[PDB]
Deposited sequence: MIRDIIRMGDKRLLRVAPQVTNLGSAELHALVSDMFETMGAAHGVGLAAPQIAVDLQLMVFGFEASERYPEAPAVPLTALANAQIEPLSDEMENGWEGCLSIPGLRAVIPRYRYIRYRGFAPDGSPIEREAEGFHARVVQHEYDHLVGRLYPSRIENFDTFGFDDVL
């Protein structure tokens, strides 16, 4: 079922989310399936549960069309594997119509759980890594405008 995505300005995007504790449940399977459908209708590559006003450590991401594997990730934890940063374009479904250039870690490891309870641990780079970092920020109440360094790159998609 498609859910409403809340927009920047909503206090619900500024929370730090608690852990998922119903791995393998029907309830969690239903929420994940709704998040994939939601992400798909909005033409996203990532979506975090706080963006649909669900206060949990849970994100979906991915796309066929470099491809990033379709993933649902609960209780994520991330770590940089070097200090190397890379600039790239980002937008956000809770900030419709805008983009900016944002520095992120080029290389990371992330760990958490698939909805069925299986552990997930992967090394990621480039675009894969960026998506994960961007969604992770939602879980700790951060949006990308707080990370812009060059405000000349912040603007409307149709205009830039």
Not represented among the modelled residues are deposited positions 66 to 72
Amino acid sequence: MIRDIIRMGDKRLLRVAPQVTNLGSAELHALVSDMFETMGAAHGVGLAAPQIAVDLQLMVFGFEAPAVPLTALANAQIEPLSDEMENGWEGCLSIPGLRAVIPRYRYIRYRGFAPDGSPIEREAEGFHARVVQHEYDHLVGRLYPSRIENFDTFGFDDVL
From here on, numbers count along this sequence of modelled residues.
Could you find out if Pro103 - modelled in this structure - is missing from at least a third of the other PDB entries compared that contain residues on either side?
no
Give yes or no for this: do at least a third of the other compared entries, each modelling residues before and after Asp34, lack coordinates for it?
no
Tell me which of 87 to 95 and 129 to 137 has the higher mean C-alpha B-factor in the deposited entry.
87 to 95
Quick one: say whether 31 to 39 or 66 to 74 has the higher mean Cα B-factor in the deposited entry.
66 to 74
Could you tell me which one of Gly46, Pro50, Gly112, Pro103 shows the highest CA temperature factor in the PDB record?
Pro103
Looking at the entry's B-factor column for C-alpha atoms only, identify whether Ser25 ranks in the lowest, middle or highest third of its chain.
middle
